[PDB]
Amino acid sequence: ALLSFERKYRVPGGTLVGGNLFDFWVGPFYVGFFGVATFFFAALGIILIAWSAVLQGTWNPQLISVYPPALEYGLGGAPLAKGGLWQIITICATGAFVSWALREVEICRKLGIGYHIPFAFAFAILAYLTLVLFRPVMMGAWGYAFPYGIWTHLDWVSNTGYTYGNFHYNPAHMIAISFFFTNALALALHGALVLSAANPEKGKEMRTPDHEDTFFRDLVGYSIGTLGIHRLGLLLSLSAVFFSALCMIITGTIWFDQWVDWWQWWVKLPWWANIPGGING
Amino acid sequence: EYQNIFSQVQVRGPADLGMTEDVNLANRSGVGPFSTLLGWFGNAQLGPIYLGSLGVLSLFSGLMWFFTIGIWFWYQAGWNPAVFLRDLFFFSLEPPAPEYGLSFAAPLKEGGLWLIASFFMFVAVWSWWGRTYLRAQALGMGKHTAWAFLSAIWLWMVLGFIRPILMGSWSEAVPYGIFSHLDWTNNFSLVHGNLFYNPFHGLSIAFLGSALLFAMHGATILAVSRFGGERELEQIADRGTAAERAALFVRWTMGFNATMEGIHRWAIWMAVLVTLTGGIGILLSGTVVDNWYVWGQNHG
Amino acid sequence: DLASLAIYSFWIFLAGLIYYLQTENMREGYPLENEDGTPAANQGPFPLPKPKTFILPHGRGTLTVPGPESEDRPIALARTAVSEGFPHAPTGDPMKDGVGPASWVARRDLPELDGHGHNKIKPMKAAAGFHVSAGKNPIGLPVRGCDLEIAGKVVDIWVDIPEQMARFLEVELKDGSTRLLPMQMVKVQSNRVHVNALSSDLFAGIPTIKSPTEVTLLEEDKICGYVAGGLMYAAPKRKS
Ligand code: BCL
Ligand code: BCL
Ligand code: BCL
Ligand SMILES: CC[C@H]1c2cc3[nH]c4c(c3C)C(=O)[C@H](C(=O)OC)c4c3nc(cc4[nH]c(cc(n2)[C@@H]1C)c(C(C)=O)c4C)[C@@H](C)[C@@H]3CCC(=O)OC/C=C(\C)CCC[C@H](C)CCC[C@H](C)CCCC(C)C
Ligand SMILES: COC(C)(C)C/C=C/C(C)=C/C=C/C(C)=C/C=C/C(C)=C/C=C\C=C(C)\C=C\C=C(/C)CC/C=C(\C)CCC=C(C)C
Ligand SMILES: CCCCCCCCCCCC[N+](C)(C)[O-]
Ligand SMILES: CCCCCCCCCCCC[N+](C)(C)[O-]
Ligand SMILES: CCCCCCCCCCCC[N+](C)(C)[O-]
Ligand SMILES: [Cl-]
Ligand SMILES: [Fe+3]
């Protein structure tokens, strides 16, 4: 059905590909050419995921796992049962994700709005492709990519992390961690501030943005603003994911020893590498 | 096209002393300067801050904590600046030995100093918490910030206070150091058998969720700032085309709906649930559950 | 055991929370309608929430939501198919008519006020103490359309006073009248302001305001909606 204000917005046009051919809705969902592609790659992927689960022997969703080729195949193709399906699913997964982002661009064009959302999304498509494509290719094998399985993708994280000692010491990991923590701080605050103005003390009239800006200033001496806080959230989360892909692209490629030891560059700086005392020497 | 990530032109007027309501105006600083640097991203006005009894208590108490730690870092450095700067990430102020259990008898040089710095942090944070409830109350606003803040306080209290007491010694608490608090984290997970099998860890991950939500939300309000959608409160009281088209992106893309106020309820809860669940995951770790791998094998 | 108890208790709380959160995002746009405006059969799984009421500051009434929903304006569209789910073609000029990317909402024909009860947006000529502090001052600059033709010139900046930001460009058209252009929809350049969304002939089309020193919530939507709509509808006259 339709939102009470929605009919006036469902005008033709804005499509990127195919004109009026797929310019329609199914229920609340806008289709478009790229709606069709998404559903295609999704349906394909799901089919192969269910297939893979047949060759594996289990229908339990907590055990289905699709594994990348062995390291022995390097970057070539592998038999479906011994690595090929991950290769296809990964193609479909990418299909579905890129079609999803393009489909959002079409929705943006119809609505007359900015493309900030599909732009932001693409940073996540970026991270995924880092893990399953850029890092493996640069390392010389698809075996270095994570497997599609609920708990088995978590075992990949432990074993990859622990190959380099405590992964905490990856300097880019550190920064990435920070942006993730701060984004959450920032969200909790924005969410609380809007709502504390919209829903004031009982019986009081709605506060204004003026009250919003006064609150932050009273509390920490500075208020970023109402446009600024949205600029800041978009920016914190995009950087968080950006440094994530960066922390993983350098791991195993340019740096492959233990991350804790990378920090010796600082301790061994020549003007103090040898003063005794402290922890080092 | 123009993307609205940085302001194009900056206007300035007289410094804004702010809404009065029931605030005690005798506790606001002079307006600080104006950062044209900051002006491209957000507001350019620094100050005025509000400092009263609790604000000083907090600020003072929090510096005391900060110094007690940093003193120790000079003791470890042999009072040598070169060393200090070299091993900065490596110094660490550690909790009392296990022997001292929960007593306050530990020598200064063996976690008596930790206990002092902890006490100061305990005053500073709880002071600051009462500060966030009272700054809102004086403006007539709901206390959503104090309650959301209480969620982070929850995790911190479990980590350094509630769980140590439940375990029976201060040694279970987090030390004060850069690299050393990192190793406590790795250590904790190993001892309890992979925190990855702690189901509360896993949800706390899912909520950390907030990157996605605030990516989407920030992206949207920018996408609809051509209709002044950043003005969210008056879009709540009198829905305009910004709120209508932002609802329709959500609805046409993935099928459900978000109101202008509604999405901030989504936002505050996504965020608070990170530390709310996480505190439960740590609290149960070692007090109730010794090995999360072993636990997941029976679910009991 | 005790941890298993903690985790079912949580998943139950979470289900109640999702339900709460879900019904809160139904206070606007519901009940669902058919394309002909009558109430849709299937309204979805959750019910409507108990109506909450805002008290608008400055004695401006209240708002109870959810409340009765009408567009309070005429919609110049028509069906293009015989079944639900298809687009609705404009029956006139979609920018003149205010449909599609050019839609506006019938908001209160009142200006938004600041917390002290004053107009929130004032032309800078009439907002004391305000000036351009960094960046290029657009006042004096000529305004250019997406057909690379000059449509007018900037004669003032309309400024948010409590938030201290630019909001509109008062562009003086060639007949001597002005219009407001959203700040978010122009590119201030070193020798010109550039408007990709409107060709030069559609500038006189921009909705005009009544009081020369103030702009209402309605006038804001009609202007921003018109300028945004040109992105789609002015495309037959644009290069790059
Ligand atoms: C033993 C484990 C190691 C460790 C090993 C690793 C390893 C190994 C990696 C990380 C990475 C990360 N770690 Mg670490 N890390 C540890 C400790 C921590 C701690 C902590 C408190 O100690 C924290 C907070 C983090 C935090 C983080 C982030 C910086 C980053 C994960 C986010 C990310 O990449 O998003 C990016 C998001 C995505 C890729 C998802 C994209 C989603 C796609 C595009 C869309 C999917 C749609 C879906 C299919 C649709 C289905 C839904 C419906 C059906 C429609 N690490 C310890 C020390 N960490 C990871 C990273 O940076 O990856 C690049 C990584 O690989
Ligand atoms: C990001 C860095 C690491 C990584 C490390 C971790 C760690 C560590 C954890 C998870 C957790 C999860 N991860 Mg993983 N994960 C990565 C990449 C992925 C990708 C991907 C790139 O395609 C996907 C789809 C998932 C999926 C998931 C879920 C099983 C779960 C909750 C995520 C969540 O809430 O996100 C935030 C998103 C939302 C709140 C939006 C809703 C998303 C829904 C739930 C997606 C469901 C996916 C569905 C099960 C996948 C198949 C659908 C297909 C149609 C068949 N991960 C990489 C390898 N992931 C947690 C868990 O509980 O695992 C058991 C956990 O602790
Ligand atoms: C090798 C290490 C272990 C591990 C061990 C732990 C441990 C141990 C903990 C976590 C915790 C967390 N882990 Mg884990 N974790 C691992 C793997 C991961 C991975 C991954 C591989 O991708 C990820 C993404 C995460 C993610 C996370 C977060 C979801 C969670 C912290 C929430 C938070 O915001 O804390 C940061 C926020 C706070 C600490 C709250 C701070 C509030 C106080 C009041 C702030 C005071 C500031 C003070 C006053 C300073 C003032 C500064 C100036 C004034 C500016 N873990 C592996 C398995 N993880 C925590 C958790 O909840 O677990 C369930 C936790 O305790
Ligand atoms: C860049 C900052 C953060 C971000 C932002 C972001 N996410 C977004 C967007 C944005 C801006 C959207 O607009 C888009 C959206 O529509 O959101 C509602 C999206 C979205 N982010 C999603 C998920 C998601 N985002 C994540 C992360 C992030 N999103 C970042 C942290 C994660 C994490 C943290 O891991 C997940 C799981 C979806 C809800 C949605 C994209 C939906 C989509 O692409 O649909 C098309 C695809 C399908 C319907 C299914 C295809 C199935 C495959 C063919 C088979 C499965 C293959 C897969 C590899 C199996 C893997 C399973 C195992 C790992 C368990
Ligand atoms: C030269 O520079 C000078 C010396 C001038 C100043 C510099 C100082 C420096 C170098 C400071 C460095 C500080 C650092 C590195 C701090 C790092 C802190 C970290 C990483 C903290 C992480 C976690 C802390 C936690 C979880 C603490 C929790 C504590 C509590 C919950 C408090 C509980 C209180 C207790 C146990 C005692 C309370 C006692 C009573 C009686 C109530
Ligand atoms: C980000 C925190 C900024 C805090 C701002 C506080 C600035 C106040 C400066 C005091 C002003 C008094 N005087 C005489 C200098 O004008
Ligand atoms: C934490 C906030 C930091 C804000 C950083 C300042 C960014 C400056 C961007 C300037 C770009 C504007 N300019 C000059 C191109 O018009
Ligand atoms: C406030 C919205 C809640 C969205 C819920 C996200 C669900 C993610 C599921 C995480 C799986 C947890 N677990 C126990 C299986 O590990
Ligand atoms: Cl970036
Ligand atoms: Fe917002």
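DSSP H helices in chain A with Cα extent of 27 Å or more along the helix axis and mean Kyte-Doolittle hydropathy at least -0.5?
Values: long enough: A:32-56 (36 Å, 1.97); A:84-111 (41 Å, 0.81); A:171-198 (41 Å, 1.52); A:228-249 (31 Å, 1.76).
Those that pass (Cα extent of 27 Å or more, hydropathy at least -0.5) are A:32-56, A:84-111, A:171-198, A:228-249.
Taking 0.36 nm per residue of separation and subtracting the Cα-Cα distance, what length does fully extending C:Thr38 through C:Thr64 add?
Details: separation 26, 0.36 × 26 = 9.36 nm, distance 2.19 nm.
Gain on stretching C:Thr38 to C:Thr64: 7.2 nm.
Taking trypsin sites (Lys or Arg not before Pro) across the stretch C:90-170, the ones in a DSSP loop with at most 16 further Cβ atoms lying within 10 angstrom of their Cβ are C:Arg108, C:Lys136.
Mean residue ellipticity, 222 nm, helices only, chain C: the sum of -39500 (n - 2.57) across DSSP H runs of n ≥ 4, divided by residue count and rounded to 500, is -6000 deg cm²/dmol. Scanning chain A for trypsin sites (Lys or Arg not before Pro) in DSSP loops with at most 15 neighbouring Cβ atoms within 10 Å leaves A:1-201 as the longest stretch between them. Mean sequence separation of contacting Cα pairs (under 8 Å, at least six apart), scaled by the length of chain C, corresponds to a relative contact order of 17 percent.
From helices alone, chain B scores -17500 deg cm²/dmol at 222 nm; the rule is -39500 (n - 2.57) for each run of n ≥ 4 DSSP H residues, then divide by the residue total.
For the stretch A:45-141, run through the chymotrypsin sites (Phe, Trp or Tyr not before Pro) and keep only the ones in DSSP coil with at most 15 other Cβ atoms within 10 Å of their Cβ. Those that pass, being in a loop and sparsely packed, are A:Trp59. Taking amide H as placed 1.01 Å from N in the peptide plane, the amide H of C:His131 sits under 5 Å from that of B:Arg12, each at least 5 places away or on another chain.
When only alpha carbons are used to place a centre, the stretch A:9-83 and the stretch B:1-57 end up 49 Å from one another. For a paramagnetic label modelled on C:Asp1 (point 7 Å from Cα along Cα→Cβ), amide N atoms under 18 Å away belong, within the stretch B:180-216, to B:189-202.
The fewest-to-most ranking of A:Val26, B:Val250 by surrounding Cβ atoms within 10 Å reads A:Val26, B:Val250. A full extension of the chain between B:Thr185 and B:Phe161 corresponds to an added length of 7.0 nm, given 0.36 nm per residue minus the alpha carbon distance.
Ranking C:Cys146, C:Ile7, C:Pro236 by how far each Cα lies toward the positive end of the dipole of chain C (charges on Cβ) leaves C:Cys146 at the top.
So what is the relative contact order for chain A, in percent, with contacts set as C-alpha pairs under 8 Å and at least six apart? Let's see the in-between values first.
On the way: 294 pairs, mean separation 50.8, N = 281.
For chain A, the relative contact order is 18 percent.
Compute the acute angle (0 to 90°) between the alpha-carbon long axis of helix C:217-233 and the principal axis of greatest extent of the alpha-carbon atoms of chain C; round to the nearest 10°. Its long axis makes an angle of about 80 degrees.
Place +1 on the Cβ of every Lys and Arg and -1 on the Cβ of every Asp and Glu in the stretch A:164-263, take the dipole about the Cα centre, and give the residue among A:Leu189, A:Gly221, A:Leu236 whose Cα lies farthest towards its positive end. Result: A:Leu189, furthest along the dipole toward the positive end.
Pairs exceeding a 18 Å alpha-carbon distance, out of C:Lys96/C:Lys153; A:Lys202/B:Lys143; C:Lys136/C:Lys210; C:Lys122/C:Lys210; C:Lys187/C:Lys222: C:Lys96/C:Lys153; C:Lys136/C:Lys210; C:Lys187/C:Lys222.
Virtual Cβ from ideal backbone geometry, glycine too; neighbours counted across all protein chains shown. Taken together, the values in this text are just the output of simple stated rules run on the coordinates, not laboratory data.
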